[PDB]
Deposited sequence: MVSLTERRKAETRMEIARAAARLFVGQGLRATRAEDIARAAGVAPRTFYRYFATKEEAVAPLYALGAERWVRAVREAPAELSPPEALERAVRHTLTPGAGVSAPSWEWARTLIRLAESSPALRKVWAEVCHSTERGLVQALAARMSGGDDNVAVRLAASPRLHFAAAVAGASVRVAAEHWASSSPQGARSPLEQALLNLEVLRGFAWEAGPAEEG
């Protein structure tokens, strides 16, 4: 059980992050100051700086949250599903607005435009790939920890995870930069390339 104080602090932190996203979408990064985000979240600038050193750090958790929820939904999908079914199910269940499309477009574009957010997006892409390796290894290990370790060392799983990640990333980045409506569809079509993958070639 998490203490009531910590749950309240964690809600405040998420309200600040969402206010950062809302202003960056409305009026962009350059016009937005930490003070504007604090006012938009209904807190003092001192409260802002308790959680975040900069305005870019304030949106940084939203990139990570969506990625982590997707990876978890891949691991937790019903055990009899194939890897492509689990990956596609997890996408439909966690990456359909949960991120609003107007927000995703702007945040994905800022990952290309802002130096600070380029690094945040890179860090999320890398930890999502590592997480997918661990989720795929757990789905194939039948509970055997030593089998899970051998599979997570496999170059076949490393490659499958990079393809799964690129499926969603390329859909998102390409959708964000080109005037589609549904990055979802493209992401699912991309994921179909893993049907019949040779986990032991």
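- Residues of the deposited sequence with no modelled C-alpha atom fall in the ranges 98-102, 185-187, 210-215.
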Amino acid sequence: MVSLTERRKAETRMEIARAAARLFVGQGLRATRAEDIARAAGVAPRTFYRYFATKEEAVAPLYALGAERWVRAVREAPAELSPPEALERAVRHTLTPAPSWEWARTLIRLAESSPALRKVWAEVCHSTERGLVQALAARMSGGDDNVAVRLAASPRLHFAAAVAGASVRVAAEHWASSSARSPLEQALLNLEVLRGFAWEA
From here on, numbers count along this sequence of modelled residues.
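- 6-14 and 180-188 differ in mean CA B-factor, and the higher of the two is recorded for 180-188.
- Comparing 160-168 with 141-149, the stretch with the higher mean C-alpha B-factor in the PDB entry is 141-149.
- Per the deposited record, the Cα B-factor of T47 falls in the middle third when ranked against the other modelled residues of its chain.
- Among the modelled residues of its chain, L117 has a C-alpha B-factor that falls in the middle third according to the deposited record.
- Sort the modelled residues of the chain by CA B factor and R39 lands in the middle third.
- In the deposited entry, the Cα temperature factor of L62 sits in the middle third of values across the chain's modelled residues.
- Placement of the Cα temperature factor of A73 within the chain: lowest third of the modelled residues, per the deposited record.
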